Amino acid sequence: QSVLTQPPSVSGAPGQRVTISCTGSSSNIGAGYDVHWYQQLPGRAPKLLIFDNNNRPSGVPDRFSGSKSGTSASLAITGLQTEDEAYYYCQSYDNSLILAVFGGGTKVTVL
Amino acid sequence: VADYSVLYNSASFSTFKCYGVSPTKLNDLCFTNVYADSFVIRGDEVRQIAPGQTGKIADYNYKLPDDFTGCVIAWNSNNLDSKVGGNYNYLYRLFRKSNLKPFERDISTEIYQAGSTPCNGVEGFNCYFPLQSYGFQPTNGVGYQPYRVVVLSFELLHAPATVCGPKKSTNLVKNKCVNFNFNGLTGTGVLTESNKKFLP
Amino acid sequence: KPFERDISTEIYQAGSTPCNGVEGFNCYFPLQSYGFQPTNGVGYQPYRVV
Amino acid sequence: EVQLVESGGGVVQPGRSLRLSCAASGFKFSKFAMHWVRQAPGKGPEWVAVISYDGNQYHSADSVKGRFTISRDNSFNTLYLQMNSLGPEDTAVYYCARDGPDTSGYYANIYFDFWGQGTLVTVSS
């Protein structure tokens, strides 16, 4: 089960911006722990996309950005194209249940 | 200007021991310079941070003089310093040939020479790497979870004082014989409005 | 004050939070206890004063 | 390049035990602790267990405790995961992941930077 609550699907069209809002409880994100995002293209294993708050790793276009505030986090896709149709998951850590927790995932759809 | 009352009333620290001064009377005296140092140790070695104690920590890492004055503050920090799979980023000295002098450090990692046969640049037999590594896990016992320690030291001697407690004030009155204490100036009198023009 | 005695052993109050009949935090028993042993140093052996 | 290949999946009847492993290459295997992560078909990923960089310390998820055991061979660059008495809800795709090198603030934050490919494991009759 997904501890972190995430919207089921976000639509869009090429050119504009879309945002994914991953929200957490007091123990997971409200305790000060960071937030991580991966990308799972269809038929492939998930790949790291945004590690730590923003701070993108090597080999990724700068179109992807994200931030965290309060008890929730948000990822933003700038200048969306048609090749971004995949799944995106938000990940963090929990200090009460004592295990890494994942989000429900979002299927970004480009019209 | 310091303010220790908020720290003492935080009610989150599990150890607040002050040697040679009471915490309540810490807001009404001035010092010259205050030394603050900090580190992280196990939950069972916390009792070794005190004047006149023995053990690995007090013998090889941190030593307090017998005429120490100051306060020792510690609090459990299992949520911030321990991770699943073990945390091995905290070290502590375990082999040495003599005890530390009070308020001394050493970060040399020369190979220890145990036994009789000498050695150099190798850790094969009877030659041990001095620094060990704390193994911190969130499921450890209460006596093994890491603790955060902060020690303060004072002198109360010589020099012009530079750090003071938060001396406060009150409201003003007029046309009444009162006991004014404007800064260091004192005395009794009847304060009233004046048209004199002081220089800036 | 000079030539005065006190024998009440009510619990001591330290810090800001009050307490009563408990010794948990910042509330300590006032009276201590001397520890006298025949092998102690000269600075710790008991003395009789009149 | 950091690449991971895993194998040991198959179709099994309930109650039997399996054993799968992944072999790493391209990096010093001894340094990094490693995680096991499974993902049910069509759902979000879930965490399974973790083993330290020398095998002395380990940790497992509460759900799979008492049934899943992980071992490590530092010489042969392989790590092992043992499952006993498979249940009907153990069908998923299992990845073996690598711990994150640098996590910046705090010491409790963990993340996975390199993933394998997965082996389909299903239980039926």
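The rules behind the values
Residues numbered from 1 in each chain as written, not as in the entry; some residues may be left out. Chains lettered and ligands numbered in written order. Part of a larger assembly, values for the part shown. Heavy atoms only, no water. Helix = DSSP H or I, 4+ residues; strand = E, 2+ residues; numbered from the N terminus. Rg over C-alpha atoms; globule rule 2.2 N^0.38 Å. Areas by Shrake-Rupley, 256 points an atom, 1.4 Å probe, with all protein chains shown as cover. Disulfide = S-S within 2.5 Å. UniProt positions renumbered as here; feature names shortened; annotations may be inferred. Buried < 20%, exposed > 50% of the residue type's maximum accessible area, 1.4 Å probe, protein only. Pairing = 2+ DSSP bridges. Axes fitted to C-alpha atoms, helices over the stretch in contact; angles between N-to-C directions. Core = buried A, V, L, I, M, F, W, Y, C linked by side-chain atoms within 4.5 Å. Contact = heavy atoms within 4.5 Å. Buried area = accessible area lost by both parts, 1.4 Å probe. Polar contact = N/O pair within 3.5 Å; in protein donor to acceptor, adjacent residues only side chain to side chain. Nonpolar A, V, L, I, M, F, W, Y, C, P; charged D, E, K, R; others polar. Patch = residues over 30% accessible without salt bridge, like charges linked within 9 Å, V, L, I, M, F, W, Y side chains within 5 Å. Salt bridge = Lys/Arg side-chain N within 4 Å of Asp/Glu carboxyl O.

In the PDB archive, cryo-EM is given as the structure determination method for this entry, at a resolution of 3.3 Å.

**A few points about the overall build of chain C**
Along the backbone of chain C there are 0 helices and 0 strands. The C-alpha radius of gyration of chain C comes to 16 Å, more than 25% above the 10 Å expected for a compact globule of 50 residues. Taken over the C-alpha atoms alone, chain C extends approximately 40 × 30 × 15 Å along its principal axes. Counting every atom, chain C has about 5,300 Å² of accessible surface; 55% of that belongs to carbon and sulfur.

**Structural notes on the UniProt feature "disulfide bond" in chain C**
Between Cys19 of chain C and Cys27 of chain C the annotated UniProt disulfide holds up in this structure, with the two sulfurs at 2.0 Å. Judged by relative accessible area, which is 2%, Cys27 of chain C ranks as buried.

**Some words on the sheet that holds strand 3 (residues 70–76) of chain B**
Strand pairing in a sheet takes place through backbone hydrogen bonds and is either antiparallel or parallel in direction. All names here are of chain B. On the basis of which strands lie adjacent, the open sheet formed by 4 strands has the order 1-3-6-2 and antiparallel pairing. The sheet terminates laterally at strand 1 (15–19) and strand 2 (35–41), the two strands that pair on one side only. On average, adjacent strands in this sheet sit at an angle of 15° to one another, irrespective of strand direction. By the bridge criterion, 7 bridges tie strand 2 to strand 6 (residues 147–153) in an arrangement that is antiparallel. Along strand 6, the bridge assignment pairs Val40 with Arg148.

**So, the nonpolar core**
Residues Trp36, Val48, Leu79, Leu81, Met83 and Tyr94 of chain D are the most contacted members of the largest nonpolar core, which totals 26 residues. By residue number, the principal contributor to this core is strand 3 (residues 18–25) of chain D, which donates 4 residues. Apart from residues lying up to four places away in sequence, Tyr94 of chain D is in contact with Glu6, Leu20, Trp36, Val37, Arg38, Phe68, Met83, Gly118, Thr119 and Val121 of chain D. Counting 22 residues, the second largest nonpolar core, distinct from the first, contains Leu4, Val10, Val35 and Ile50 of chain A.

**Remarks on the pairing of strand 5 (residues 45–51) of chain D**
For a regular strand, the rule is simple: side chains alternate between the two faces of the sheet. Residue and element names in this part refer to chain D. In terms of burial, strand 5 is a largely internal element, 6 of the 7 residues being buried. Pairing of strand 4 (residues 34–39) with strand 5 involves 6 bridges; the strand directions are antiparallel. Note on strand 5: the bridge partner recorded for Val37 is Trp47. A loop of 5 residues connects strand 4 with strand 5, the two strands running antiparallel in sequence, and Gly42 in this loop sits at a positive phi of about 90°.

**What about the arrangement of the chains?**
With 4 pairs of chains in contact, the largest contact count belongs to chains A and D. Chain A shows no contact with chain C. Their nearest C-alpha atoms sit 26 Å apart. The two partners chain C and chain D share no contact, and the minimum distance between any of their C-alpha atoms is 30 Å.

**Re the state of the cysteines**
Residue and element names in this part refer to chain B. The final tally for this structure, using the stated rule, is 6 disulfides over all chains. Here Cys119 pairs with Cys127 through a disulfide, and the sulfurs are 2.0 Å apart. Of note, the bridge from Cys119 to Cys127 carries an S-S torsion of about -125° and is left-handed in sense. Comparing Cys119 with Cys127, the two get one shared label, buried. Along chain B, the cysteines engaged in disulfide bonds are linked according to the scheme 1-3, 2-6, 4-5 when indexed in sequence order.

**Quick look at the UniProt feature "disulfide bond" in chain B**
Residue and element names in this part refer to chain B. Regarding the annotated cystine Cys18-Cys71, the two sulfur atoms come within 2.0 Å of each other, below 2.5 Å, so the disulfide is formed in this entry. Placement of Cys18 in strand 1 and of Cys71 in strand 3 is noted, with a sequence separation of 53 residues between them. Relative accessible area serves as the criterion here: at 2%, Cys71 is assigned to the buried category. Of the disulfides listed in UniProt, the one joining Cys119 and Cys127 is reproduced in the coordinates: its sulfurs are separated by 2.0 Å, less than 2.5 Å.

**Side note on the interface of chain A and chain D**
Tallying the contact residues gives 20 residues for chain A and 21 residues for chain D. Together chain A and chain D conceal approximately 1,800 Å² of surface at their shared face, both sides included; 62% is due to carbon and sulfur atoms. When residues of chain A are sorted by the area they lose upon contact with chain D, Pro46, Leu48 and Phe102 of chain A head the list and together hold 25% of the total. Remark: the boundary between chain A and chain D carries 3 residue pairs in polar contact. Those elements that provide at least two residues to the side of chain A that touches chain D are strand 3 (36–40), strand 7 (87–94) and strand 8 (99–102) of chain A. When grouped by side-chain class, the residues that make up the side of chain A that touches chain D number 12 nonpolar, 5 polar and 3 charged.

**Here we look at a nonpolar patch on the surface**
Nonpolar side chains collect at one region of the surface, where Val42, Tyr47 and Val49 of chain C lie side by side and expose about 420 Å² of accessible area between them. Here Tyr47 of chain C falls in the exposed class, since its relative accessible area comes to 68%.

**With respect to the pattern of salt bridges**
All names here are of chain A. A complete count under the given rule lists 14 salt bridges over all chains for this structure. Among the ionic pairs, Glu85 bridges to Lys107, the shortest N-O distance being 3.6 Å. In this pair, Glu85 is assigned in the loop between strand 6 (72–77) and strand 7 and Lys107 in strand 9 (residues 106–108), connecting sequence segments 22 residues apart. For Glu85, a relative accessible area of 24% puts it in the partly exposed group. What makes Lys107 partly exposed here is its relative accessible area of 33%.

**Thoughts on the environment of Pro118 of chain B**
Positionally, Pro118 of chain B belongs in the loop between strand 4 (91–93) and strand 5 (131–133). Considered as a pair, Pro118 of chain B and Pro51 of chain B are 67 residues apart in the sequence and their alpha carbons are 36 Å apart.

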